[PDB]
């Protein structure tokens, strides 16, 4: 095994992400005639996403996953990708990243400033809201102790809809929900199934608040050290994996509501125009932070129609 490479992620071994990364590792092994072996490190074994991105930069870790919106950590205007109700569907997420000036520049900085090479982009579900109480309208969110990842855009979803955002480490969520220490969480359906949150949540609400993508990233150092024929193998396998990755989420999202209802969950479809209207003040805050340039970027993305 001439290159022994490592891929870390947050997702666990029963996730779609993990299955996609298994395909990626298998594909690369086969198509490189065993010259490259890729070991998987799931469930944040090697650190959280901030730590894993940092390791790609220094060439200590070869591959990882990250959402486009996560780069708000470094470039505030990238929050645009996860501003609730802005990015209406996956075609838009693709164009926002690949076909806008803002997106093209972000990819450049990912490489120049952060040591990251983008190989491919995948759909990673629309986020929904689970609870121990029915959400039939925005009114029912008032006071709801809603677990969120520590990421400004998810915090803002919770805050501006009138809930009490409770940031919490993913590992601990199952137990919090079970004990009703917290009333709910928000994640794509696939993650609800993977973490079995349906065992400990009686209600599912179709809030459609935020669309997730996943970027297949490689350390620029590692990738530059590969001979050009192996670069092509990795690049092509990443594209193939991302198509599979996308398909898992799309297929999952025509089934999973039925699956949950089979398991005892009650599913609501609250009116989302009050939810959208509650975000207007958050869009204002985004602009107040990112200035004329952020306003320009938000307009450009809202202008994208499929």
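Residue numbers count along the first chain shown, from 1.
- Taking the mean C-alpha B-factor of each stretch as recorded, 252 to 260 and 28 to 36 are not equal, and the higher mean is that of 28 to 36.
- Here 72 to 80 and 225 to 233 are compared by their mean Cα B-factor, and 225 to 233 comes out higher.
- Within the group 159, 196, 95, 127, the record's highest C-alpha temperature factor is found at 196.
- Ranked by C-alpha B-factor against the other modelled residues of its chain, residue 179 falls in the highest third.
- The PDB entry assigns residue 166 a C-alpha temperature factor belonging to the highest third of its chain's modelled residues.
- When the CA B factors of the chain's modelled residues are split into thirds, the value for residue 269 lands in the lowest one.
- Among all modelled residues in this chain, the alpha-carbon of residue 17 has a temperature factor (C-alpha) in the lowest third.
- Looking at the C-alpha B-factors along this chain, the one for residue 209 belongs to the lowest third.
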